[PDB]
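Heads up: numbering here begins at 1 and tracks the sequence. For the numbers below, each heavy atom of this structure counts, side chains included, while hydrogens, waters and symmetry mates do not.
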Amino acid sequence: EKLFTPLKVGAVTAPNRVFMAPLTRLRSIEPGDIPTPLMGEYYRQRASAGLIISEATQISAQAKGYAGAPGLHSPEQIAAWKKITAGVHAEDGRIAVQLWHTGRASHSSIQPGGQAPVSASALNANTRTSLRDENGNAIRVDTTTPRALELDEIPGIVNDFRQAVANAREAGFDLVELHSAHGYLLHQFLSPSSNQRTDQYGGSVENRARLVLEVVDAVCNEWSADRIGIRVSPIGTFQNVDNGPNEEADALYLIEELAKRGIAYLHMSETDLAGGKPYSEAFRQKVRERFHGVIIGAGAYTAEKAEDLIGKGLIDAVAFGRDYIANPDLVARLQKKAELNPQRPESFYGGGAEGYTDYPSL
Ligand SMILES: Cc1cc2nc3c(=O)[nH]c(=O)nc-3n(C[C@H](O)[C@H](O)[C@H](O)COP(=O)(O)O)c2cc1C
């Protein structure tokens, strides 16, 4: 077994390969998108993870697309995250903050001034986001058609990522994960389906990756490359954003460019929740030889599959999502081949302690 053996991940060392995937749970305080003590307890319960990757966290107020998702841009958000990372470290854990901008996957009613959200192009996501009703309960709402970013607004987006990473360092996170997956802003630029720009940020794959690579360079400079990870979902379709007709070649281009920056890790979200075709070993070999940091695999993995691919040398760690919602001590359970708690999907999003902190440990 290798799942239970250490792994150097940039500036930290994970004691095992069983990672907690980033999981939006929509339990933050509003007004203010503020992490809560309850959220602190949830992450503390899961601190035996080789690495915790947080729920997607806004880099700015504009970044917001979901009611109840936290930010890492205001003083109160920084103060509250500081308590959460402290609790994880008190339990000898490690935690990364996943940083996003939701772009078009958003609604005007939670944007600053209530105006339309922004994207690479003015194309509706044709999906839904999660808002809150007048009783604070989560509800689904159709996404608002976005406004295309002006060329002269793109430096500000890069700066907002940079500032969020500086805030993350102050808040005590061990690493940051850039959310370049799942149809959110960075992926909206990467994909030809969502990006119809005719300036240097659209068209060729070089142009489409331009923004994500500017963001990587800016956050490596702000902190250090050995603190930066990135999540991509470059094969298949996610939230109606596909990766285009040259998805494999374009993915390897981006991965080669990321490797030049020396970053801590590449986290691949392999399929969305509704399924997709599995990665070939050949494509995994092509990724592996292009990236010389840690590679994390995710998407309906089992322990068996993770052991197989780590033993084949194709990935280094696995991130589990839903099994970590339901099993705070997933590591111990996998080590002992104990049974898992059953999942209660009706309480994945929103709500309070029920379905969040009441899944027992062994
Ligand atoms: C409730 C829920 C919330 C999620 N939130 C995020 C998120 O905030 N960021 C992200 O990159 N992926 C998110 N995901 C995708 C998961 O991180 C993970 O890749 C996915 O659940 C597939 O793995 P699994 O079968 O182990 O759950 C979420 C998935 C679920 C079910």
Side-chain angles (χ1 to χ4, degrees), residues 33 56-66 69 71-74 98-127 129 131 141-167 176 178-222 230-234 238-244 250 253-254 257-258 261:
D33 313 321
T57 297
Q58 282 84 253
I59 63 184
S60 68
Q62 183 195 65
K64 191 177 180 185
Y66 289 74
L72 186 49
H73 50 92
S74 75
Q98 188 186 59
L99 296 171
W100 63 357
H101 195 305
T102 59
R104 70 188 194 171
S106 185
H107 195 264
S108 57
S109 68
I110 55 165
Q111 284 285 290
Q115 301 300 304
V118 301
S119 182
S121 299
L123 303 158
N124 201 301
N126 298 322
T127 194
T129 190
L131 305 185
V141 179
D142 291 350
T143 50
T144 300
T145 301
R147 171 182 74 77
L149 284 159
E150 316 278 12
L151 190 57
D152 68 5
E153 295 184 280
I154 294 181
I157 302 296
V158 176
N159 182 66
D160 290 331
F161 275 103
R162 184 200 58 70
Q163 183 70 49
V165 164
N167 298 344
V176 307
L178 304 168
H179 196 343
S180 189
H182 296 170
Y184 296 109
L185 184 66
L186 295 173
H187 195 202
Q188 283 154 45
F189 274 81
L190 281 167
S191 170
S193 71
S194 48
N195 180 346
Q196 293 185 17
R197 304 176 72 83
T198 52
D199 64 15
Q200 65 274 27
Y201 288 86
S204 74
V205 69
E206 289 84 0
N207 284 1
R208 290 180 266 125
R210 192 178 299 276
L211 171 69
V212 70
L213 291 169
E214 283 176 6
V215 169
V216 167
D217 288 332
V219 304
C220 287
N221 175 249
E222 182 55 47
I230 185 170
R231 202 174 209 202
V232 296
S233 61
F238 301 78
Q239 273 212 121
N240 292 331
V241 178
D242 60 14
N243 283 286
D250 290 352
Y253 169 78
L254 171 59
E257 288 294 316
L258 290 172
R261 283 76 175 175

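A distance of 10.0 Å separates CG of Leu190 from OH of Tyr253, quoted to the nearest 0.5 Å. Between the CG atom in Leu72 and the OG1 atom in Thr57 there is a gap of 6.5 Å [rounded to 0.5 Å]. Put simply, OG on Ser109 and CD on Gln115 are 12.0 Å apart, with the number rounded to the nearest 0.5 Å. Taken from CZ in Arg147 to OG in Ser121, the straight-line distance is 12.5 Å, to the nearest 0.5 Å.
Shortest non-hydrogen contact noted between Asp142 and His107 is O-CD2, 3.3 Å. Of all non-hydrogen atoms in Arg197 and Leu149, the two that sit nearest each other are NH1-O, 3.0 Å. Between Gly203 and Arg208, the closest heavy-atom pair is O-NE, 2.9 Å. In terms of heavy-atom proximity, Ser194 sits nearest to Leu123 at O-CD1, 3.8 Å. Closest heavy-atom contact between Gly202 and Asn207: O-ND2, 3.0 Å. Closest approach of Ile157 to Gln62, counting heavy atoms only: CD1-OE1, 3.4 Å.
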Report task. Take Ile110 and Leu131 through the side chain to side chain contact (heavy atoms under 4.5 Å, CB included) test and state the conclusion after the steps. Result -> CA-CA 8 Å; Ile110 55 165; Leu131 305 185; 3.9 Å; yes

Report task. Apply side chain to side chain contact (heavy atoms under 4.5 Å, CB included) to the pair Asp217 and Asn221, showing each step before the final yes or no. Result -> CA-CA 6 Å; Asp217 288 332; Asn221 175 249; over 6 Å; no

Report task. Any chance you could lay out the side chain to side chain contact (heavy atoms under 4.5 Å, CB included) test for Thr129 and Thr144, step after step, and finish with the verdict? Result -> CA-CA 9 Å; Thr129 190; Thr144 300; over 6 Å; no

Query raised in the report: After noting the C-alpha distance and the side-chain angles of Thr143 and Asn126, does the key distance pass the side chain to side chain contact (heavy atoms under 4.5 Å, CB included) rule?
Result: CA-CA 6 Å; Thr143 50; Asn126 298 322; 5.8 Å; no

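Not a single donor-acceptor pair under 3.5 Å links the side chain of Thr102 to the backbone N or O of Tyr184. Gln58 places no side-chain N or O within donor-acceptor distance of the main-chain N or O of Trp100, the cut-off being under 3.5 Å. The backbone N or O of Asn124 lies less than 3.5 Å from no partner atom in the side chain of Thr145, so there is not a single donor-acceptor pair. At distances below 3.5 Å, not a single donor-acceptor pair connects side-chain atoms of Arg104 with backbone N or O atoms of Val118. Using a distance-only test at 3.5 Å, with no hydrogens or angles considered, a donor-acceptor pair links the side chain of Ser106 to the main chain of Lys64. Listed for the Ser233 side chain is a donor-acceptor partner under 3.5 Å among the backbone atoms of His182. Within the 3.5 Å criterion, the main-chain N or O of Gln239 finds no donor-acceptor partner in the side chain of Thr127. The backbone N or O of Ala122 lies less than 3.5 Å from no partner atom in the side chain of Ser119, so there is not a single donor-acceptor pair. A donor-acceptor distance shorter than 3.5 angstrom exists from the side chain of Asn240 to the backbone of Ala125, with no hydrogens or angles considered.
Ring-plane geometry between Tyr201 and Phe189 is classed as perpendicular, the angle between the planes exceeding 60 degrees on a 0 to 90 degree scale with a lower cut at 30. Ring orientation note: the planes of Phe238 and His187 are nearly perpendicular, at an angle over 60° on the 30°/60° scale.
Looking at residues two or more places apart in sequence or on another chain, you find no salt bridge (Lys or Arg N to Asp or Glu O under 4.0 Å) involving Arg210.
Side-chain contact between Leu186 and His101: absent, with no pair of heavy atoms (C-beta onward) separated by less than 4.5 Å. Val165 is not listed as a side-chain neighbour of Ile59, based on a closest heavy-atom distance of 4.5 Å or more.
Considering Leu178, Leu185, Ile230 in turn, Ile230 is the only one that fulfils the side-chain contact (heavy atoms from CB on, under 4.5 Å) rule with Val212.
No side-chain N or O of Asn159 forms a donor-acceptor pair with one of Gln163 less than 3.5 Å apart.
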